[PDB]
């Protein structure tokens with residue numbers, strides 16, 4: 001009959017189409033004839049029925065199987081072929097006379113419904129194939145009545161939360177084609193879905209609109225590295241030039257900083273290549289304009305971006321020369337290049353293009369001077385240019401004694417300017433250090449400058465004591481000078497004078513701006529003379545206790561540094577402050593989250609001292625670990641990250657350090673379980689802190705012996721037994737279950753006495769699966785017992 | 001596999017793909033669908049050994 005003939009005709013196509021794409025265009029050609037004739041004889045439903053039947057055979061095939069992929073493409077090519085004939089008759093405006101429209105609308109509608117019968121099937125393979133078929137025909141189904149449109153959206157909206165990420169990706173692909181609801185559904189998945197590959201699918205296929213771009217670029221911090229890399233590898237690359245117009249400049253700068261500072265190399269290189277190769281090319285080799293986009297005047301990312309470029313493109317590097325003609329049109333971009341090239345070539349020793357590309361020191365001193373005159377005889381751009389040239393000047397070549405004096409008399413006149421901005425005092429003094437032959441030549445020239453500023457102030461007064469503003473200038477200059485001094489004060493007499501004449505009076509009076517400078521100047525001197533540090537330990541304790549948050553900030557840093565340089569000889573003795581007194585100063589600051597900036601200095605500072613062994617008090621070290629796990633300090637990311645990096649290296653650097661952790665860790669664990677259990681009570685400000693099992697295996701990890709940079713030691717052993725004595729001191733078994741299950745992370749093998757003691761406790765605890773976990777320990781343990789016993 | 005015999009009407013239980021699923025879990029649990037973290041990394045302050053070994057007021061100098 002003709003019904004079986006239809007089946008044989010369509011099955012023959014599917015039989016050959018599964019094996020190769022070679023004849024797919026011919027296969028569609030015949031399928032359209034089988035259909036057309038089938039409807040002619042009134043068997044439209046026989047064709048639709050058999051077409052469906054053969055498609056069901058590929059539904060259970062798993063994602064990878066090429067045979068399924070080949071038939072999915074055939075199905076899609078068939079529907080796309082039928083629709084193209086309908087689009088042409090509409091676009092070329094000619095009539096169709098064989099009901100092609102009706103047949104198509106009915107075939108599509110019937111086929112989607114058939115395929116949707118397995119959208120919620122138990123077999124994840126058909127659920128994938130179903131949405132794959134849908135995704136690949138969406139563009140070519142044309143206009144569909146509302147019942148089928150509602151059925152589609154509802155079916156997909158359920159598959160966006162499918163159990164398999166593979167089906168969810170396919171659900172994403174389907175919803176992307178309904179963008180313009182579906183757009184918000186995809187943004188909902190870009191932020192909230194746990195699978196990284198689906199967030200990636202949503203991100204890459206989400207329309208790049210002013211409404212959606214913030215959510216797309218938000219994935220520049222995705223926990224997955226690929227999603228972060230793809231922001232620079234594809235998203236930002238796709239935009240091209242629009243990365244400087246339709247992208248907010250504030251988020252723009254944040255994207256480069258993130259990519260260039262990322263902890264992973266793939267992300268770093270991806271962002272590097274986007275700047276050095278893709279962007280630069282998008283701007284037609286114009287490096288100057290590329291720098292205009294990075295905004296050198298208001299960003300420091302360009303320092304890494306251009307060095308990133310220089311590595312990728314050494315050919316452009318040798319083309320930037322600096323003849324005297326360049327200075328006629330000198331801008332912030334060119335000025336930044338001047339320092340960036342010169343410093344980059346010194347670091348990588350490309351001395352080839354320093355003898356012919358850059359002026360000699362004597363000519364650079366004229367240009368540097370010139371801009372100083374324009375400014376102190378747009379003011380922002382002038383100050384910026386002066387800074388860029390001075391940066392290069394500090395590392396310039398002054399072998400030619402003519403250029404050394406020229407540059408020197410230039411910077412001395414600059415540093416003499418009472419109106420000189422602080423950033424230009426800083427770099428101006430560092431240049432004078434490079435120019436000076438030795439420290440004494442440096443301090444003598446520096447103090448000579450300073451004294452002239454204060455002395456000149458007393459003539460305007462004798463038109464007694466120097467003005468307050470004048471003191472700010474002298475101390476700012478001296479602070480940057482003393483940062484570069486490295487000889488004992490005993491050798492420098494003039495610094496002894498500066499102490500009496502200027503520094504200690506500044507520590508005495510107010511406002512802060514003058515007092516803060518006095519403390520920093522003092523602290524820098526204390527680093528050079530141990531006695532001076534001894535005699536000012538009381539002053540610094542008062543500055544943190546009676547000073548604003550800013551004065552605490554500096555005085556605390558001074559205290560921590562005095563300890564780092566001099567050790568414990570500034571404490572506990574005749575004429576010396578008490579250690580325990582300073583311990584209280586740190587503790588009071590460390591726990592005052594009213595000002596969290598200082599907590600990091602206290603948190604970090606104390607880690608620095610315990611690490612150098614300058615500090616070694618068990619009770620204080622315990623206050624640190626608890627402030628790390630504390631719920632009040634979750635707000636302070638810097639503090640948590642400080643403790644997160646310090647206290648692991650402390651243990652793992654020397655066993656005496658880890659030995660300290662072992663004695664405390666049991667008491668620490670105790671005092672955080674009691675805590676969390678009390679965050680259930682009716683007194684709050686729980687998920688604001690880790691749950692004990694996390695804390696335990698964290699604690700246990702630090703106490704593990706082999707993680708130290710030569711013997712078993714059993715430092716970890718002693719920690720555990722402590723953890724077992726404290727045990728049983730709990731309201732809720734839930735946290736007992738936590739502490740017990742995470743055991744067996746131990747390293748066992750010597751020292752008989754200790755392990756037998758450990759067994760005795762474990763036996764005592766033989767009082768729910770926690771029982772299994774503990775039994776796992778004793779059987780392993782009992783083996784160690786008989787082994788050692790028989791060894792004798 | 002080898003290939004598919006599209007001429008087989010014998011194929012038994014191929015309509016099994018359209019089963020109901022009763023008590024087979026096909027939806028991800030409702031807890032995981034939304035997360036407050038949005039799966040981003042926190043702010044990063046880059047605490048390195050280079051950072052810590054240096055003094056506060058004199059970053060050029062290092063300590064042991």
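For this structure, a couple of remarks:
- Within region A:615-622, one or more residues are farther than 27 Å from residue A:547 by Cα, in contact with a helix residue (DSSP H, G or I) (Cβ under 8 Å, 6 or more places away or on another chain), away from every other protein chain (no Cβ under 14 Å) and crowded, with 16+ Cβ neighbours inside 10 Å.
- In region A:210-224, the qualifying residues are those that are touching a helix residue (DSSP H, G or I) at 6+ places or on another chain (Cβ under 8 Å) and in a loop (DSSP other than H, G, I, E, B), and the one that is surrounded by the most Cβ atoms within 10 Å (Cβ to Cβ) is A:212.
- Boolean, residue A:579 is surrounded by fewer than 19 Cβ atoms within 10 Å (Cβ to Cβ), closer than 29 Å to residue A:594 by Cβ and touching a strand residue (DSSP E or B) at 6+ places or on another chain (Cβ under 6 Å): yes
- Entry remark, region A:747-787: residues being more than 18 Å from residue A:719 (Cβ to Cβ) and not in a helix (DSSP H, G or I) number 4 in total.
- Flag if residue A:603 is within 14 Å of chain B (Cβ to nearest Cβ) and touching a helix residue (DSSP H, G or I) at 6+ places or on another chain (Cβ under 7 Å): yes
- Count - residues of region B:26-39 that are surrounded by fewer than 14 Cβ atoms within 10 Å (Cβ to Cβ) and facing chain A (nearest Cβ under 7 Å): 4
Listed here are the residues, each with its yes/no results for (1) under 24 Å from residue A:182 (Cβ atoms); (2) surrounded by 21 or more Cβ atoms within 10 Å (Cβ to Cβ).
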| site | (1), (2) |
| --- | --- |
| A:201 | yes, yes |
| A:234 | yes, no |
| A:250 | no, no |
| A:263 | no, no |
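- Identification of helices (runs of 4 or more DSSP H) wholly contained in region A:409-491 with 2 or more residues that are under 23 Å from residue B:56 (Cβ atoms), in contact with a helix residue (DSSP H, G or I) (Cβ under 6 Å, 6 or more places away or on another chain) and within 14 Å of another protein chain (Cβ to nearest Cβ) yields A:422-435, A:468-482.
- Residue list for region A:726-764, restricted to those being surrounded by 16 or more Cβ atoms within 10 Å (Cβ to Cβ), more than 38 Å from the chain's Cα centre (by Cα) and over 20 Å from residue A:703 (Cβ atoms): A:730
- Flag if residue A:438 is surrounded by fewer than 16 Cβ atoms within 10 Å (Cβ to Cβ) and either under 20 Å from residue B:59 (Cα atoms) or under 42 Å from the mean Cα position of the chain (by Cα) (or both): yes
- Listing of helices (runs of 4 or more DSSP H) fully contained in region A:234-347 that carry 2 or more residues being farther than 30 Å from residue A:202 by Cβ: A:287-294, A:302-312, A:314-317, A:332-347
- Residues considered: B:6, B:56, B:18. Of these, the only one that is over 30 Å from residue A:67 (Cα atoms) and at the interface with another protein chain (Cβ under 7 Å from one of its Cβ atoms) is B:56.
Cβ sites come from the backbone with ideal geometry, for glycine too, and all protein chains shown count toward neighbours. Values quoted throughout were computed directly from the atomic coordinates according to the rules given, and no laboratory measurement underlies them.
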